[PDB]
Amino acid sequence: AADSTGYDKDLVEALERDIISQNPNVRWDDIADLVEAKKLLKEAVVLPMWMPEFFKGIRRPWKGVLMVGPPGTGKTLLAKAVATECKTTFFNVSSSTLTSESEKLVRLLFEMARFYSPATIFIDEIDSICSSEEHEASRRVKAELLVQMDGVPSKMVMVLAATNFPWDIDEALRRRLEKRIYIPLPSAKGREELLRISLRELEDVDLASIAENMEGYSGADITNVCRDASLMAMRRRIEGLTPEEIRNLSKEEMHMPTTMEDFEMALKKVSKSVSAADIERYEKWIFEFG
């Protein structure tokens, strides 16, 4: 990880600590409910690295990928999953990081991926790149993203991106993200697999009930419920008396099987976030843009 610069080492270091990672890994197993998207990704990005000269007049015209969908449905997880298959250096970039002159980060980001051999750039929440003197910050940055993105054999740089609000992306920005993919909320079989992933070290119609009680919850919400519920059992009972002394390390009493009541209490905390009216918009966007 050694590079020449004409930049502020402050900016260069921020990037190194926050954006760049190589060891961070995500197996495809660990992502549930996306069997079709995984195929699409693997074709657009992974396979083209395994057989480059094989792609000629079927070369994947896709330069970058846009994944579309509501919050917390596995989009970042998929992006990480590619970088671990391909053993590339992973750049997890927010669009907030880009905004905070402010352009130079974008030019640096790509200039760092270029040197860092095979890279994968993932630009989260790229809706926000667009939309008086403050909005001028965003127009100069969008300008530099579109110039850099055209810069896309093991010197390969991949450009994945993600948005909750796809309808806020103009034609100029569409040309750069040729492949589009819908990452919906988990299906009934999808939501049940997600629970198998999260509850695997803890404590079916039980979990199908739970899965069937979700119905419009994102993968992130379901994971939290498990976190909460998993934690709920022992609190109210085992240390409900709150004896500071007594709660010493008495790990003999470790088995505290988490109940159904817990998952029903956990469910009450957060109510469904994404309306069927919101999903209408996603359904429509991939209609014409996929």
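Residue numbers run from 1 along the displayed sequence.
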Between residue 100 and residue 101, how many residues of the deposited sequence have no coordinates in this entry: none, 1 to 3, 4 to 9, or 10 or more? 4 to 9
Deposited residues lacking coordinates between residue 147 and residue 148 (none, 1 to 3, 4 to 9, 10 or more): none
I need to verify one thing: averaged over C-alpha atoms only, is the B-factor higher for 246-254 or for 42-50? 246-254
Mean C-alpha B factor from the entry: is it higher for 156-164 or for 134-142? 134-142
Per the deposited entry, the peak Cα B-factor within the set 220, 78, 173, 188 goes to 173
Checking the entry, which one of 204, 193, 124, 111 has the top C-alpha B factor? 204
Record-listed C-alpha B factor of residue 129: chain third: highest
By the entry's values, the third containing the CA B factor of residue 20 is the lowest
Once the chain's modelled residues are ordered by C-alpha B factor and cut into thirds, is residue 225 in the lowest, middle or highest one? lowest
Going by the recorded CA B-factors, say which third of the chain residue 265 sits in, lowest, middle or highest. highest
For residue 234, return the chain-relative third of its C-alpha B-factor as stated in the PDB record: lowest, middle or highest. highest
